[PDB]
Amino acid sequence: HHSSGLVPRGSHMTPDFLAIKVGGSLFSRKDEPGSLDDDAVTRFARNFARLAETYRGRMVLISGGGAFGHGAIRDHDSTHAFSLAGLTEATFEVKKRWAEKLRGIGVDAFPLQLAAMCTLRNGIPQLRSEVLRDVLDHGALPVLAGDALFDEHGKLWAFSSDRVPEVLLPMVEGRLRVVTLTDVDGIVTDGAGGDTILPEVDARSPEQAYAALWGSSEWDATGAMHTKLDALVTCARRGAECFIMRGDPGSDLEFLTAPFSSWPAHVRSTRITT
């Protein structure tokens, strides 16, 4: 036994940190190049702004790649992994669009290139720049996304926005809450369209959640729901309280500041914890 700080945890406790990921499904048609739904971005931005005021210096916003990101991966030459470099430019564009919009409504939103801050070592992302912590300590809102990351052999890999919360794990003090907004209400069990949402998944033994999953579409290059589950199990096994739930641009999100047991009764999600 190595000693560590005892962190009080539970459905009664308020999060110390929010990592909110917004799926591309919610503001982009993957099929349509350069699709960004500015109305969706605008409306979501307003809701993210309120969260960012409360979680000042205690939140990151993570954007999916949409048409920009999936397109970069679709269109690269798999025979030279370096052609994935275009992915970093593509996901920068999406971070830019979020950050611009947020700054227009008074949020100190700053896009950061994950590829400039993180590399892979034995498959595990490694935060290698102190700048993310400084930005948060200045009270700003980092806008992040997935990226093309170098490994220790110099090979580029496509690293989904869904996995970005993993990079926060050794950095974030106290209770991390990770919320992945998507186009489904959570992990649906008993049907490749629907039956019922699985309300709780135990990250120590999530075999039933994995049993529920179905395929990625043709348009999807980063593994859809399986990649989400893998990332959120990873985060939950390191103490995070994680959620898959439905995004909606005008939906109020202030309940994401609140302890889970105090959430409104209408809110549906899959919660992943240990």
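Numbers for residues come from their place in the sequence shown, where the first is 1. Superpose the two forms; the largest set of C-alphas matching within 1.5 Å is the rigid core.
Of the two segments 124-132 and 139-147, the one whose CA positions lie farther from the displayed form in 6 other deposited structures of this protein, once all are superposed on the rigid core, is 124-132. Of the two segments 27-35 and 51-59, the one whose CA positions lie farther from the displayed form in 6 other deposited structures of this protein, once all are superposed on the rigid core, is 27-35. Compared with other PDB entries of the same protein, residue 73 is missing from at least a third of those that resolve the residues around it. In at least one third of the other compared structures of this protein with flanking residues present, residue 192 is left unmodelled. Averaged over CA atoms, B-factors in the entry run higher in 220-228 than in the other of 55-63 and 220-228.
Here 84-92 and 190-198 are compared by their mean Cα B-factor, and 190-198 comes out higher. Per the deposited record, the Cα B-factor of residue 18 falls in the lowest third when ranked against the other modelled residues of its chain. Per-chain ranking of the deposited C-alpha B factor places residue 113 in the lowest third. Among the modelled residues of its chain, residue 204 has a C-alpha B-factor that falls in the highest third according to the deposited record.
Ranked within its chain, residue 214 lands in the highest third, by CA B factor from the PDB record. Looking at the C-alpha B-factors along this chain, the one for residue 45 belongs to the middle third.
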